[PDB]
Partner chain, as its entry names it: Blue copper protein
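Just the one chain here, laid out as structure tokens, in the form solved without the partner chain.
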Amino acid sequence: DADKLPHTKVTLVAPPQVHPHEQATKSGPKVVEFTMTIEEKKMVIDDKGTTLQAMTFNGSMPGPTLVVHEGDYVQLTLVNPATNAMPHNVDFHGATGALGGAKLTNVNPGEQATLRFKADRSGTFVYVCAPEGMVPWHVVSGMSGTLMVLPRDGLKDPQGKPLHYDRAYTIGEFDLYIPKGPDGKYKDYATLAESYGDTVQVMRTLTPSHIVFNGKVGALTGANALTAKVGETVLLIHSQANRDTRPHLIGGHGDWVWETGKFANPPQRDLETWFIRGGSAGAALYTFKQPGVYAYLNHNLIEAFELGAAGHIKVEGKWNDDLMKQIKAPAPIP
């Protein structure tokens, strides 16, 4: 029975970090308790000062990543404070029944609820807010994240050999649909409700105005680049709740990749570009071998460089001339 089974409480951390946790483990199943608080807020999303009337789980885009093990039970308390204006709920793609939990978590401002479901399938799974009649608006406005359910004995390769990561990072990619006025400038709205009609009309064209990692253009560059060092293995979790994307690590590879995101399937090796289907999360492992700066981006280069879907990873260590060597620097042509 899930009733008896020890309970545990997890504290969440802001993306792109993922909360400390175990890969392989000797512990038996548990009821893992989490809490999240919805926050509607206006956010600045680019270098020219454009804003989005946004909606978030826990104040961030994307929401925090939740980690449990196969066979555990997830038990979430979802809170919607009186300071918000809309109702919300939650749908876990990793769960079975009731539209992922949406039908049992409908919360008006000033209310809360508690849902439990069994995490009986391994992989990275999207969760979203899906209120009847406003599903796409809430999702494109920022209300998505990932639940990672790891196998009890850790990750495995196609032959059943063990795989591991030394660090984990989580990246949410958001296609945004910001309206413009007759002067061709983007519109700035006083409340969340007033942005609605105009936004639906942009959505229907299927052309995003911006496509961003973790809330804004440049969120993962400069002081905020991801970091690693030569010899370390990183797990890159990538979610896209509404639209397809194609991650690529410029200067590196996907060593082992589950593009559909489900760990009971064998991963593919040596990828240059992988593919995340809209409405899913995927995962890639890579072991660094050269120091320097890498670009982790959506490899439709217009979507990356013009629209915003690109970040940086800064890697420390020693250069490997066997792997790569500048034989003759740029010089005049004889």
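Residue numbers count along the first chain shown, from 1.
There is another form of this protein, the form deposited with the partner chain bound, and it is not shown here; the text below is about that form.
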**Request:** Verify the contact flag for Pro109: yes if a non-hydrogen atom of it lies within 4.5 Å of a non-hydrogen atom of the partner chain in the bound PDB entry, no if not.
**Result:** yes
**Request:** Examine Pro151 and determine whether its closest non-hydrogen atom to the partner chain in the bound PDB entry is within 4.5 angstroms.
**Result:** no
**Request:** Answer yes if any heavy atom of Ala225 is within 4.5 Å of a heavy atom of the partner chain in the bound PDB entry; otherwise answer no.
**Result:** no
**Prompt:** Can any non-hydrogen atom of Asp157 be found within 4.5 angstroms of the partner chain in the bound PDB entry?
**Reply:** no
**Request:** Residue by residue through 85-100, tell me which have a non-hydrogen atom within 4.5 angstroms of the partner chain in the bound PDB entry.
**Result:** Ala85, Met86, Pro87
